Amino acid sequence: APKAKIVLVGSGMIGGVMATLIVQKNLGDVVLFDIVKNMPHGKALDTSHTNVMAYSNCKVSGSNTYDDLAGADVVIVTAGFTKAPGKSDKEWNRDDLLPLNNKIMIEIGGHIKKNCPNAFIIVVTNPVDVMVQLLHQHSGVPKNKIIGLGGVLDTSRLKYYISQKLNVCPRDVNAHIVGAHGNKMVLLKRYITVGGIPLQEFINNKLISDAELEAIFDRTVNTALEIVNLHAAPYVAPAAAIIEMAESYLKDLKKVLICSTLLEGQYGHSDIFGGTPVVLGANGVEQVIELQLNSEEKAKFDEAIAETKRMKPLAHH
């Protein structure tokens, strides 16, 4: 009935574009919560005027008070740091953000548990597969109620780069990147399709070569780094990917979207979060889809999970 209340814990660059897109889509009332005094109110105010241009009617409010999490239907956590200190852009590594963000998850998780234990949570803060589980553990939410951003975004890059080479609608390329959001992300060439057709047929037709695809894979993995090194920050597509996830939940679209979710034996892994296709609908994570990987792909998946696992103890520290 009342619109969904969507609290953006973190009102930085991603938060700002998420607020924008929520109003564009009329998805629900938005709270831009941040620890920075007044900034979220300023961003909220600005954003709120777009209801007029968008023909929407979503309240957009800023907050510097954790208890505004109360009544949240969806909580999207981008709170934290994008860069580590003393580290240059060339040395940008999501792993280095771990010391910086760990303590922030715990605190937010405690606030979510107190204020909106029944909210659907999307964790973004890097290293996301680690931060999401830490938040899961501190917020107390059901495993079907929290996920991390990764695959929707990593695959939008891969999908997009292939679509440009093949000159097809970007969305008509489908692809899977799993395990973790980071330099070990697992790009599954075998699960790439174009217009539902195995990418291998386009390779057989010399429309795109294996070499080009290897360069696209490399680019995909290094995209965040590439953007950081172009004197920009990746936040527009991250926001759009998060909103697509939040939207599938809110409107019960049941889209299959690759997100970081609690693995309970899939791919041989339990007690960790990892990226895999899930179905996001009214009941949250409605299905966790386990790709029937081959042994080579599973080996890569293990390598990705091993990285998340390695940082599990460091996060919890």
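All residue numbers are counted from 1 along the displayed sequence.
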Mean CA temperature factor from the deposited coordinates, higher in 253-261 or in 55-63?
55-63
Hey, which bit's got the bigger mean C-alpha B factor in the entry, 102-110 or 69-77?
102-110
Sorting 234, 170, 198, 148 by Cα temperature factor from the record, which one lands on top?
234
Say you rank 87, 165, 157, 176 by Cα B-factor from the PDB entry; which sits at the top?
87
Chain thirds of CA B-factor: placement of residue 95:
highest
In terms of the CA temperature factor given in the entry, to which third of its chain does residue 48 belong: lowest, middle or highest?
lowest
Taking the entry's C-alpha B-factors for this chain, is residue 268 in the lowest, middle or highest third?
highest
The third of the chain into which the C-alpha temperature factor of residue 213 falls is the middle
By the entry's values, the third containing the CA B factor of residue 230 is the highest
